Amino acid sequence: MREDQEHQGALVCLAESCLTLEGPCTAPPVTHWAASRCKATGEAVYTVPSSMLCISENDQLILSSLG
Amino acid sequence: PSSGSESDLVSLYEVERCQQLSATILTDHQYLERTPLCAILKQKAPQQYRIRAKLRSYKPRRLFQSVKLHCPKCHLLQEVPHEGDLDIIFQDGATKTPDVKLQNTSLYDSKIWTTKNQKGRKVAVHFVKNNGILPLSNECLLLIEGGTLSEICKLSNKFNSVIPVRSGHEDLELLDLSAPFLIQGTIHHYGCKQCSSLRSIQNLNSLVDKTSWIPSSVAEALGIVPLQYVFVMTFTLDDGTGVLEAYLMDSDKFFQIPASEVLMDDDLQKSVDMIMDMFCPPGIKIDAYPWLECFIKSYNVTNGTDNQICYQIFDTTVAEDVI
Amino acid sequence: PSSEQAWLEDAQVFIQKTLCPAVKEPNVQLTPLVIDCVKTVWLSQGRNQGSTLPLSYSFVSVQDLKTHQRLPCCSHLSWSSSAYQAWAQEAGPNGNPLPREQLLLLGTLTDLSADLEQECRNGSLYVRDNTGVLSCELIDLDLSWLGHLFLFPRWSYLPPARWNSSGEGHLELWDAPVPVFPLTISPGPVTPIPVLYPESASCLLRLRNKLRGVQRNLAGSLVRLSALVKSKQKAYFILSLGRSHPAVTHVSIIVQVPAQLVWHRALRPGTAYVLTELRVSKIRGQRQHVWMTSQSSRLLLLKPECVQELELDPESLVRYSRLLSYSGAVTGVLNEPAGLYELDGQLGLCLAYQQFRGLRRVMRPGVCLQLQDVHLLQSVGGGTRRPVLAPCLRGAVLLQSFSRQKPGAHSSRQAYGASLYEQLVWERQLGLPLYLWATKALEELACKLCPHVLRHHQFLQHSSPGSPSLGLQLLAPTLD
Amino acid sequence: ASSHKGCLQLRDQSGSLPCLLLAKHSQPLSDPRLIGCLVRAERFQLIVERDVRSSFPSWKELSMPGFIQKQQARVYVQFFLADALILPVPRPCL
Ligand SMILES: [Zn+2]
């Protein structure tokens, strides 16, 4: 069982060391774009209808037919 | 405005007599003859064209909005969830009670904890087994209920890949398809709620193997249709002969940067910022913008009953040395 | 097969393909020794406390590594993830750590390159197996190791830098390799070897006619070492042995045998050595001569009983630089291809006046350097405040420790142009302040003209008879 | 030579500057072949014409700031070709 328990304890060690066993939570690192999104939260976000972005499979068909 | 009319005049566009080199090369259809923009406008869609232009302007200016999720099954775009949204999901799992019959099985075994000080939060961990035996960490698919987004992220960094779940009365189930059906280090995989018909963890038995854990495979096993990552941008192309707005949608081609990882890796974000402020340097006049050769298709949207002609870029990439 | 049996069989197949010497039949006697070796080092930490064998790790060949890898990576065997992480954040601490991988590297370590225009020693080192040859960088090499088969337990692999077309990546060996076979300890000299000491040797280097009777050998502490000089064909270096350190009486020696260029890595100052089977060379313009090595020359570590000592102002801006010896660590790169680095965030280091062609593949943040007889030029001008340490051929660069950090991401504006600056220094023969200024001026020009008007690798190509290069032509009117 | 004005221009990746080349003292630039060459000049004049639409009442108010209602400059350069060095930009190559 030494090998088996060692393997399972490796997994358990990774888990528990990663888990916040006690105390308060902590802030992870944040990248440029993520922090900028957090700061800009509330701006009217940009988006586009997929209809405009080539939902026309008929046009796709005759396009791909072209040489 | 007098200076207005002057600056307007110096902001005009010279008709391709220039000495500069191209910034972008099209990978395919190079044989096509150049079609001036005006010639395109005077023709009805759909059609293929090969053009040379400069970006007079592009959107969105704040690039952190440019990334979108995409479902290929129904061709639907979807916004990326914020970390606050994921928190609003994971928060409902912190208070749940683990069930005895969901602990240890032929397919997965578990370990439990109660995290102190954190309002008495409950957490349970389950490890999936290969042929009934725990695989090595590099292949160890791990399942969580009660872990936070940061914790599950840091754990996914260590284990192969991890699946958020909750206590289903029959068997473990993804606590919400809004959350990632699979997080694999810096990669979060999501699914289309419309097209999906999800399945419980036991249905991992449908997999060809219990070692690769290919995201597509496990998504199919769990009955989830995975969403692609794509950039979506609008280029305001100008060629003096005319002005044309064309959309760019691509995954890991145009910028040669993985749209799946860009949101979580900072160097890629620096890279895309640099690219877009190298096509469109800040402040200086359109005289100095570099030429941009690209291949575009045209097609009729007809959402307004008819017409609504649009253009989309294809098969083009930034030149190697320009990056 | 069992997991362990499967692993053993896979390792045996790998050895049969990659490592069994083609000189002989695939002798099975090899596999038990390598298995014992890897098991030994795996257990030596006592941190495994489980599997007797690191089944996780997978063996790799040289060609396999070249074709499979295209990222920086570290392959520490016999360390826990905890120890690996702590070591990776040991010095930075916040620096980007080399990503860990679980590969086992074994092969033959030797000076012999694969090239054949000459013997092509050139002081290079390579790891060899059946699949190919790969160059490596090693600290304080014991020349005894050359030619033996080892299991390297701690190494970094760095892919070829993006700018480099040759694509010849290189390894970094962090610690002494574990030889697969038991130690082949061979007997040294029991007789006290007669050697001339530096004072008598100096007398003889003056009075070359008196080179008779006394044995043509030497010994002493390495007090001064030169960089490797590479002429049209003659690649050579010079060193100096002193009777003591710090002390006056010392004698210089020139080493020119191609097979012996590898010694340049073996030697290190302070330690005392024995040189043998020498002759006194004659060089144009050297009134006092120097001793030189023959093909029969042996390099040997000194042990006393093994030797017998044979004894017979803006008013006038000209300013002089101060020699000294320095030890420090590179904090960051100012201009990589020109060879301008920060030491400790305090001193500028300009290598361009040495050959500098090899160090560029090692030099990155966190490297530890010891510089001997570096010229210190403070107040160098051109707006550059930082005093610029600058080695010349008389000094030498000693790598103390490799870097833990992964190399910086390639930027097309940054890497290109080393040949042009090399030309500036070794053909136009500029001085240090003007070289600094030219570097900054070419930065400005590249910021004006490239990449849209003229790509960098065209703007900064070396001026040649076939075609000149704008970078030199736009500067020439001022340099003249 | 900018085809929206006919006037010559020195141009690079940062913008453009109007220029007034002379071939030599009392002889104008006469050769179309200079288009696109890389011009280097280290003995040149930078001119600045200032237009102002002031409303000062008298010599007294020339100490006051509020009356300079509009300011326009018009900066350009001028020099002889004999004082410049001219290099042709190479073609792209690989
Ligand atoms: Zn869908």
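Here the numbering of residues is sequential along each chain, from 1 in written sequence order, and it may depart from the entry's numbering. Residues without coordinates do not appear. Chains and ligands are labelled sequentially in the order written, the chains with letters from A and the ligands with numbers from 1. Every figure reported here is calculated on the shown chains, themselves a piece of a larger assembly. To get the side-chain values, all heavy atoms of the structure are used, and hydrogens and water are removed first.

The name the PDB entry assigns to chain C is CST complex subunit CTC1, from the organism Escherichia coli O157:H7.

Under the PDB entry, the name given to chain B is Protection of telomeres protein 1, and the source organism is Homo sapiens. UniProt positions are given in the numbering used here, feature names are shortened, and annotations may be inferred rather than shown by experiment. Looking at the Sequence similarities heading of the UniProt record, one finds this comment for chain B: "Belongs to the telombin family."

A. Examining the interface of chain A and chain B more closely. Taken together, the contacts link 39 residues of chain A with 56 residues of chain B. Accessible area that two parts lose when put together, evaluated with a 1.4 Å probe and summed over both, is termed the buried area. For the chain A and chain B pair, buried surface summed over both sides reaches about 4500 Å², with 66% attributable to carbon and sulfur atoms. Looking at the side of chain A facing chain B, the largest losses of area belong to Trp 33, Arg 37 and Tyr 46 of chain A, adding up to 20% of the total buried there. By convention in these notes, a salt bridge is any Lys or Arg side-chain nitrogen within 4 Å of a carboxyl oxygen on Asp or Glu. Across the chain A-chain B interface, the total number found is one salt bridge. With a closest N to O distance of 2.9 Å, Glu 43 of chain A and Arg 62 of chain B form a salt bridge. Pairs of N or O atoms within 3.5 Å make up the polar contacts considered here, provided that, within protein, one atom can donate a hydrogen while the other can accept it, and that residues adjacent in sequence are counted only when both atoms are side-chain atoms. For the pair chain A and chain B, the number of links is 23 residue pairs in polar contact. When contributions to the side of chain A that touches chain B are tallied by element, the ones reaching two or more residues are α1 (2-18), α2 (32-40) and α3 (57-65) of chain A. When checking whether two residues touch, look at their non-hydrogen atoms; a contact exists if any pair is within 4.5 Å. For helices the rule is a DSSP run of H or I covering at least 4 residues; for strands it is a run of E covering at least 2, with both sets numbered from the N terminus onward.

B. Spotlight on the coordination of the zinc ion. Residue and element names in this part refer to chain B. Protein coordination at the zinc ion comes from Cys 71 (SG), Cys 74 (SG), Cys 192 (SG) and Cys 195 (SG), with a distance range of 2.3 Å. Only nitrogen, oxygen and sulfur atoms within 2.8 Å of the metal, or 3.2 Å for Na, K and Ca, are treated as donors, and water is left out, so sites may look incomplete. Any site counts as irregular unless it has four donors with all angles between 85 and 135 degrees, making it tetrahedral, or four or six donors with opposite ones more than 155 degrees apart and the rest between 65 and 115, making it square planar or octahedral. For the zinc ion, the four donor atoms in the first shell make angles of 104 to 121° at the metal, a pattern classed as tetrahedral. Donor residues binding the zinc ion come from one chain and are separated in sequence as C-x2-C-x117-C-x2-C. Here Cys 192 lies in the loop between β10 (187-189) and α5 (215-221) and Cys 71 lies in strand β3 (residues 67-71), a separation of 121 residues in the sequence. Side by side, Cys 71 and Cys 192 carry an identical accessibility label, which is buried. Each residue is assigned to one of three classes by its accessible area relative to the maximum for its type, calculated with a 1.4 Å probe on protein chains only: buried under 20%, partly exposed between the two thresholds, exposed over 50%.

C. Looking closely at the state of the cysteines. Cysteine sulfurs are considered disulfide-paired once they come within 2.5 Å of each other. Scanning the model with the defined rule gives zero disulfides over all chains in all. Looking at the unpaired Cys 54 of chain A, the closest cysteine sulfur is the one in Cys 310 of chain B, lying at 9.7 Å. Exposure remark for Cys 54 of chain A: the relative accessible area of 8% places this residue in the buried category. No disulfide involves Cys 447 of chain C; its nearest neighbouring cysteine sulfur is the one of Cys 450 of chain C, lying 9.4 Å away.

D. Region of interest: the packing of helix α8 (residues 418-428) of chain C against helix α9 (residues 432-449) of chain C. Residue and element names in this part refer to chain C. Axes here mean lines fitted to C-alpha atoms, for a helix over just the part in contact, with angles spanning 0 to 180 degrees between N-to-C directions. Between α8 and α9, the shortest axis-to-axis distance is 11 Å and the interhelical angle comes to 155°. Of the possible angle classes, the one that applies to α8 and α9 is roughly antiparallel. Seen along the crossing, α8 lies across α9 with a hand that is right-handed. For the pair α8 and α9, the contacting residues are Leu 420, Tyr 421, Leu 424 and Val 425 in the first and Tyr 435, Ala 438, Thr 439 and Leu 442 in the second. Taken together, the residues of the contact of α8 with α9 break down into seven nonpolar, one polar and no charged. Under this scheme an angle from 65 to 115 degrees is roughly perpendicular, one under 35 degrees roughly parallel, and one over 145 degrees roughly antiparallel; angles in between are oblique. Handedness of a crossing follows from how the near helix is turned relative to the far one, being left-handed for an anticlockwise turn of less than a right angle and right-handed for a clockwise one. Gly is placed with the polar residues, together with every amino acid not listed as nonpolar (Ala, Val, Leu, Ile, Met, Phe, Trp, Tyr, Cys and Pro) or charged (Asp, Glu, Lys and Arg).

E. Unusual backbone geometry, seen in detail. Residue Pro 60 of chain B is bonded to the preceding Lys 59 of chain B through a cis peptide linkage, with omega at 0°. Relative to the helices and strands, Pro 60 of chain B is located in the loop between β2 (47-59) and β3. Of the consecutive residues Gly 92 of chain C and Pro 93 of chain C, the connecting peptide bond is found in the cis state with omega at 0°. Of note in the backbone geometry, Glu 277 of chain C takes a positive phi value of approximately 50° without being a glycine. Residue placement: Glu 277 of chain C occurs in the loop between β15 (272-275) and β16 (278-281). Using a relative accessible area of 27% as the deciding quantity, one classes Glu 277 of chain C as partly exposed. Its identity is not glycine, yet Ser 26 of chain D carries a phi of approximately 70°, on the positive side. Checked against the element boundaries, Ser 26 of chain D lands in the loop between β2 (15-24) and β3 (27-28).

F. Representation of a nonpolar patch on the surface within the structure. All names here are of chain D. Where nonpolar side chains cluster on the molecular surface, the patch consists of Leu 10, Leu 17, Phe 44, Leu 46, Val 48 and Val 75 and spans about 490 Å² of accessible area. In this fold, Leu 46 is placed in strand β5 (residues 45-52). The exposure class assigned to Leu 46 is exposed, which follows from its relative accessible area of 52%. Patch members must show over 30% relative accessible area and no salt bridge, and they are joined within 9 Å when carrying like charges or within 5 Å when they are nonpolar side chains of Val, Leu, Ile, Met, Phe, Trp or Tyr. Using a 1.4 Å probe, accessible areas were evaluated by the Shrake-Rupley method; residue-level cover was limited to the displayed protein chains.

G. Focus on the pattern of salt bridges. Residue and element names in this part refer to chain C. Evaluation of the coordinates by the stated rule reveals 30 salt bridges over all chains. For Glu 422, the salt bridge identified is with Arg 357, shortest N-O distance 2.4 Å. Placement of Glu 422 in helix α8 and of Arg 357 in the loop between β22 (347-350) and β23 (368-377) is noted, with a sequence separation of 65 residues between them.

H. Examining the nonpolar core more closely. Throughout this description, the term nonpolar core refers to a set of buried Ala, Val, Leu, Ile, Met, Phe, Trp, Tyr and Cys residues connected via side-chain atoms within 4.5 Å. If you look at the biggest cluster of nonpolar residues, it comprises 95 residues, and the most contacted ones within it are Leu 204, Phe 235, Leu 237, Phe 255, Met 276 and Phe 279 of chain B. Broken down by element, the residue count for this core peaks at six residues, all from helix α6 (residues 266-279) of chain B. Excluding residues within four positions of it along the chain, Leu 237 of chain B makes contact with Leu 37, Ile 51, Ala 53, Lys 54, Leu 55, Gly 242, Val 243, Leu 244, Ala 246, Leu 292 and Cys 294 of chain B. Formed by 46 residues, the second largest nonpolar core is a distinct cluster that contains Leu 196, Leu 218, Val 262 and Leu 267 of chain C.

I. Structural context of the side chain of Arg 37 of chain A. Inspection of the secondary structure puts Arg 37 of chain A in helix α2. Positive charges come from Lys and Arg, negative ones from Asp and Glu, while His and the chain ends are left out of the count. Buried and unpaired, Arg 37 of chain A has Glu 83 of chain B as its nearest opposite-charge partner, separated by 7.9 Å. Not counting the four nearest positions on each side in its chain, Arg 37 of chain A is found in contact with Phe 64, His 82 and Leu 263 of chain B.

J. Region of interest: the pairing of β22 of chain C. Residue and element names in this part refer to chain C. Side chains of β22 alternate between two faces, with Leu 347 and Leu 349 and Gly 348 and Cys 350 buried alike. Both strand β21 (residues 340-343) and β22 contribute to a ladder of four bridges, which runs antiparallel. Considered in β22, the bridge of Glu 342 is made with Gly 348. Any two strands are treated as partners once DSSP identifies two or more bridges connecting them. The turn joining β21 and β22, which pair antiparallel and follow one another in sequence, is formed by three residues; a positive phi near 65° is taken by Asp 344.

K. Quick look at the packing of α2 of chain A against α6 of chain B. One can describe the packing of α2 of chain A onto α6 of chain B by two numbers: an axis separation of 8 Å at closest approach and a directional angle of 80°. The angle between α2 of chain A and α6 of chain B falls in the class roughly perpendicular. Judged by residue contacts, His 32, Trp 33 and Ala 34 of chain A of α2 of chain A engage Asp 266, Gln 269, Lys 270, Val 272 and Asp 273 of chain B from α6 of chain B. Taken together, the residues of the contact of α2 of chain A with α6 of chain B break down into three nonpolar, two polar and three charged.

L. Here's a closer look at the environment of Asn 48 of chain C. Residue and element names in this part refer to chain C. Here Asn 48 is to be found in the loop between α2 (30-44) and β1 (58-60). Judged by relative accessible area, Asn 48 falls into the buried class, the value being 15%. With 30 residues separating them in the primary sequence, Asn 48 and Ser 78 have C-alpha atoms 8.2 Å apart.

M. Structural detail: the packing of aromatic side chains. Here a pair means two rings of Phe, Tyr or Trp (six-membered ring of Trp) with centres within 6.5 Å. Their orientation is stacked below 30 degrees between planes, edge-to-face above 60, and tilted elsewhere. Counted according to the given criterion, the structure contains 13 aromatic pairs over all chains. Aromatic side chains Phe 127 of chain B and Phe 159 of chain B sit 6.3 Å apart centroid to centroid with 15° between the ring planes, which places their arrangement in the stacked category. Of this pair, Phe 127 of chain B sits in strand β6 (residues 121-128) while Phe 159 of chain B sits in the loop between α4 (149-158) and β8 (161-164), and the two are 32 residues apart along the sequence. Given a relative accessible area of 1%, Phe 127 of chain B falls into the buried group. Residue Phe 159 of chain B is classed as buried on the basis of its relative accessible area of 2%. Seen in terms of ring centroids, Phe 254 of chain B and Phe 255 of chain B are 5.0 Å apart; in terms of plane orientation they differ by 90°. Their pairing is edge-to-face. Judged by its relative accessible area of 2%, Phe 254 of chain B is buried. What links up through ring pairs into an aromatic cluster is the set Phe 231, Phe 235, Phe 254, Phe 255 and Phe 279 of chain B. Criterion for a charge above a ring: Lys NZ or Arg CZ within 6 Å of the ring centre, and within 35 degrees of the ring normal. One residue, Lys 297 of chain B, lies across the ring of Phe 314 of chain B, its end atom 4.3 Å from the ring centre. Cation over ring: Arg 360 of chain C sits above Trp 163 of chain C, and NZ or CZ is 3.3 Å from the ring centre.

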